[PDB]
Amino acid sequence: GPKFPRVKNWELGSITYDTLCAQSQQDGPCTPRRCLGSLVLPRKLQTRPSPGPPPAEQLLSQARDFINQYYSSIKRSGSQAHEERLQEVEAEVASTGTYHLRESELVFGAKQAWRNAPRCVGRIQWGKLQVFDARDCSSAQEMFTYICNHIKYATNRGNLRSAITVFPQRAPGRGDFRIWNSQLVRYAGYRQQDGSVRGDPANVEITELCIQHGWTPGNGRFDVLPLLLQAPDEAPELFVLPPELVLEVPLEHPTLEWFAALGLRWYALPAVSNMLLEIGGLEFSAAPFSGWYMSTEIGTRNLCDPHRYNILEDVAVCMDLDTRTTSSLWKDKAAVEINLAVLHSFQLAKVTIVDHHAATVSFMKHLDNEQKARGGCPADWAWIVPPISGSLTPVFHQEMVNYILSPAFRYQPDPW
Amino acid sequence: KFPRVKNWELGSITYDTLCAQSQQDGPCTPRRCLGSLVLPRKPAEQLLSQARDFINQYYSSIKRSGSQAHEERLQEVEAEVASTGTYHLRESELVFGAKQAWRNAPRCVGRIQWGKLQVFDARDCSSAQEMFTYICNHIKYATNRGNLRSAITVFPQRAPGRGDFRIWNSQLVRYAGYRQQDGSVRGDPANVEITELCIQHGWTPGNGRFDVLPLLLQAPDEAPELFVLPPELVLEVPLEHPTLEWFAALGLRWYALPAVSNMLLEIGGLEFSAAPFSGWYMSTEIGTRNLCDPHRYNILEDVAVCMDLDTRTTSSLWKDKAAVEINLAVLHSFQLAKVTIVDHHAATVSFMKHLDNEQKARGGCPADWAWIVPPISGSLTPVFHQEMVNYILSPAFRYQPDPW
Ligand code: HEM
Ligand code: HEM
Ligand SMILES: Cc1cc(CCNCc2ccc3ccc(N)nc3c2)ccc1C#N
Ligand SMILES: Cc1cc(CCNCc2ccc3ccc(N)nc3c2)ccc1C#N
Ligand SMILES: C[C@H](O)[C@H](O)[C@H]1CNc2nc(N)[nH]c(=O)c2N1
Ligand SMILES: C[C@H](O)[C@H](O)[C@H]1CNc2nc(N)[nH]c(=O)c2N1
Ligand SMILES: [Zn+2]
């Protein structure tokens, strides 16, 4: 009947229609001929910068759309203040080629970008975001101050709080503010003479950049990287995070006493720093944000990916499993105990964390909330379903519709 | 252009040029991706173009394209369509077509096996009774006392203005699901509807959790008929665990043969509404989905309690622990009973090899990532880290409506 995607839950038998996808103004990577939904970074997901501001016609339409979004969210659509704000944006773009967001618009926009993020299972929390306005920042040194404050506020001694800090937007003929690091906290990856890697192989490139830029390298598996911070039209400067600001959790297992002897650990705060926050056509190239971890990010991906710390076989050996045959399920067994250790250790340390069952259950609640609020919720099934125990969580059995809404967090090319 | 396809574990890149051979729309558009949907939402020149394409594929496959046999065959097909609005395949074409359809199935992790498929031609079938005989033979052949062999049996194609041959059951082997008026379901809840259909066509029910269903077989424009399978035909494996002695006490079992029987086989524009096929099980189908899905047997909590796990909270990972042991028991029991089965690690490793074979052979391979990645331990398998392109190639296996 309804001219919209029909969405089914196969556990419960229930049916919804997504009308929200009608609001999408940007194409994704799929066509009637082939689905490219499993691609991490298709050409249709990456952006590209250009030294001059967008066609004013293009900016204006994106801006008017956002201003409309804003005035709706405060139930003043069609009002005199709504129309005057539009005029003010048209005028500002007409004379300068760009415009600026009021503070409450920036707050609404940051929350909406999170709410719109199809790959995030944590969106039940979308309305609880502390927005630090840093659009006054004028130096790399000052970015560091703002970032340290963010870290202190967000970490809160283990009672984590979601936050984003927004640095000045891209400007016509002026260099970007950029944080070179992909996260505020990253372990070094040192390429050994044998070709193997000590530390986190995900971080080889950023490690060597830090070294090129004068950082004296350690040689551990868990060396915290310094930040490479870039103010407009300047070489990036190097900043060492004071160790007491970086909360870490040593990993131990509730019953396997040898696990603590492994010397594994992870940091408390997942703070992503290389993403572009786009609002009403405005581009915030530096806008780091943080929440708290879902345990599978640490226990399954970062610790067990073959191209990350790759500890599965080591743990399986300690567990005395048969690692000579796939059918012993030694990988599945070790992976479970590693995830358990992550959960147990974070709880012991009083550091906020959520397991993949609690997380996906809460994401189902989010889906129902959004069905009523907006008539749908953009969601990337492959990313929402956790990397272990897929069909054991409710999201596996939930069909999802994926599409791009703005405000958005977007990937952007590396500054170098 | 053509999609750049990357493996994130190895850093290796391919380009899929095979997708350009797709003449059939999937559900996605540039505005929104619908890849996670289980089912699709919904003259004679068209048939003729599909027929030619397929005949071309066939003669290319035996490397005799442009031959006299090739040109004469195209003319036979064209003459037959022009006069009758349809045509018929030669057995060798059908054997090639059935293998290609499996090969092209984006949701199948077992495609390394695609060239090894026994094709039974059952197109000279005129009655439900004859359908039953063919099905029993298929089952006997494919089961092979536990040394499972992949097979397909192809019943007569659809013809305009006449009902289809259909097997109403979704698989040749299904356990009954009896709806207890106290809300619940005894047996397999996936099969409540077929179970009830059987009863009202005269089946005398059981009351167990694992009662094997009769087949409802339908010849064109006739009520379906009921046929009970001879119990010696249905090989089953009692489930036990290698170390937890209490596991056997759960009374769990599963059948050996995954024989799917409700899909439509399309070859060269011709449609085969009954063409049941079978291979062997990947252990997660049974251990994870069939036994642990909340809307299937849903045994996670029973096993967890037996394992004395803390059910009170998600963060004990009781679900994950119990699932692992359930999958282990399935593997162990099948291996003990000498019945073919493949674990999800071995299966995904073979599929990676298959992807590489196909890249060299065809320049790509249609794959549905969400269906290829197993339902436990996803990122622990190599397929999780492999980008895939999904598209429809013909010959194809397709869904079709239930005939009731
Ligand atoms: C509050 C607790 C939160 C949890 C448990 C959570 C969970 C997750 C997880 C598990 C992922 C997948 C990441 C990966 O596999 O690499 C993800 C992705 C994402 N998250 Fe959330 N998140 C939280 C808060 C936030 C916040 C505060 C923001 C932004 C304001 C955010 C925005 C995003 C975005 C944009 C992605 C897509 C990542 C990408 O494409 O690389 N999340 N989240
Ligand atoms: C030889 C051993 C085989 C293995 C291990 C295997 C494995 C699998 C698995 C695990 C699935 C997903 C099923 C689900 O989750 O419901 C699947 C789907 C599928 N398989 Fe294979 N398979 C095998 C043989 C075959 C054969 C012989 C055929 C056809 C001749 C075939 C055609 C298909 C098709 C069409 C699907 C899609 C199912 C659907 O969309 O409902 N497979 N396979
Ligand atoms: C290497 C790579 C990785 C990724 C995913 C990173 N996603 C991390 C992330 C982002 C936001 C998060 C928010 C909360 C949270 N707990 N984890 C979060 C983790 C995408 C593209 C590329 C590339 N190229
Ligand atoms: C409820 C439902 C389920 C499905 C997937 C069934 N897929 C079974 C299947 C098919 C082929 C197989 C081949 C081999 C094998 N081991 N298992 C195989 C299992 C599709 C549509 C609906 C609907 N409506
Ligand atoms: C190839 C595939 O897209 C890739 O491995 C994806 C799959 N799903 C994911 N899901 C999450 N949450 N995070 C990821 O990095 C990925 N990686
Ligand atoms: C909604 C989602 O597409 C659905 O639950 C899918 C996910 N992946 C799957 N993968 C396999 N192999 N089998 C399935 O039934 C499903 N179900
Ligand atoms: Zn798609």
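Worth a mention:
- Computed [θ] at 222 nm, helices only, for chain A once each DSSP H run of length n ≥ 4 contributes -39500 (n - 2.57): -9500 deg cm²/dmol
- The GluC sites (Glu not before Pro) of segment A:215-281 that DSSP puts in a loop, and whose beta carbon has at most 16 other beta carbons within 10 Å, are A:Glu234.
- Equivalent ellipsoid semi-axes - Cα gyration tensor, segment A:277-338, angstrom: 38, 11, 9
- Put simply, the Cα atoms of segment A:80-194 extend 64, 37, 27 Å along their principal axes, the longest span coming first.
- Chain B, Rg to Rh (Cα coordinates; Rh as Kirkwood inverse mean 1/r): 0.98
- Taking Cα atoms only, the orientation of helix A:103-115 departs from the longest principal axis of chain A by about 50 degrees.
- The convex hull around the C-alpha trace of segment A:1-144, projected and averaged over every direction, spans 13.4 square nanometres.
- Across all directions, the shadow cast by the convex hull of segment B:173-332 built on its C-alpha atoms averages 12.3 square nanometres.
- Fully extending the segment from A:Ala260 to A:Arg6, taken as 0.36 nm per residue of separation minus the present Cα-Cα distance, adds 86.6 nm.
- DSSP beta bridges confined to the protein assembly as shown are antiparallel in about 80 percent of cases.
- Added length on full extension, which subtracts the Cα-Cα distance from 0.36 nm per residue, A:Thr19 to A:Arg135: 38.2 nm
- Distance (nanometres) between label positions extended 7 Å along Cα→Cβ at B:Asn56 and A:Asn156: 6.4 nm
- Tail fraction, Cα-Cα pairs, segment B:9-69, threshold 17 Å, whole percent: 67 percent
- Nearest-ten-degree value, helix A:356-374 long axis tilted from longest Cα axis of chain A: 10 degrees
- Proximal charge balance of A:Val121 [Cβ under 11 Å; K/R count +1, D/E count -1]: 0
- Percent antiparallel among DSSP beta bridges (both partners in chain A, rounded to 5): 80 percent
- For B:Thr86 and A:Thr325, the FRET efficiency from 1/(1 + (r/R0)^6), where r spans their Cβ atoms and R0 equals 56 Å, is about 0.60.
- Modelled spin-label separation between B:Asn144 and B:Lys63, with each label point placed 7 Å from Cα along the Cα-to-Cβ direction: 2.7 nm.
- HN-Hα J in Hz across segment B:300-310 - Karplus 6.51, -1.76, 1.60, θ = phi - 60°, x for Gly and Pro: 3, 6, 4, 4, 4, 5, 4, 7, 6, 9, 7
- Helix A:330-348 and the longest principal axis of the C-alpha atoms of chain A enclose an angle of approximately 70°.
- Summarising the amide proton neighbourhood of B:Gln24: residues at separation of 5 or more, or on other chains, whose placed amide H is nearer than 5 Å comprise B:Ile392.
- Rounded FRET efficiency, nearest 0.05, which uses the C-beta distance separating A:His213 from B:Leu244 and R0 of 51 Å: 0.35
- Rounded, prolate or oblate (a/c below 1.5 giving rounded, otherwise prolate when a/b exceeds b/c) for segment A:282-416 by Cα gyration tensor: prolate
- Neighbourhood charge, 12 Å Cβ-Cβ cut-off, centred on B:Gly287 and excluding it, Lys, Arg +1 and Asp, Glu -1: -3
- For segment B:187-261, the set of GluC sites (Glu not before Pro) satisfying both a DSSP loop assignment and a count of at most 10 other C-beta atoms within 10 Å is given as B:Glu232.
- The distance from the alpha carbon centre of segment B:213-268 to that of segment A:330-385 is 35 Å, rounded to a whole number.
- The Rg/Rh ratio of the protein assembly as shown, with Rg taken over Cα atoms and Rh as the Kirkwood radius over Cα pairs, comes to 0.99.
Please note: Cβ atoms are built from the backbone with ideal geometry, for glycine as well, and neighbour counts cover all protein chains shown. Read the figures in this text as sums done on the coordinates, not as results from a lab.
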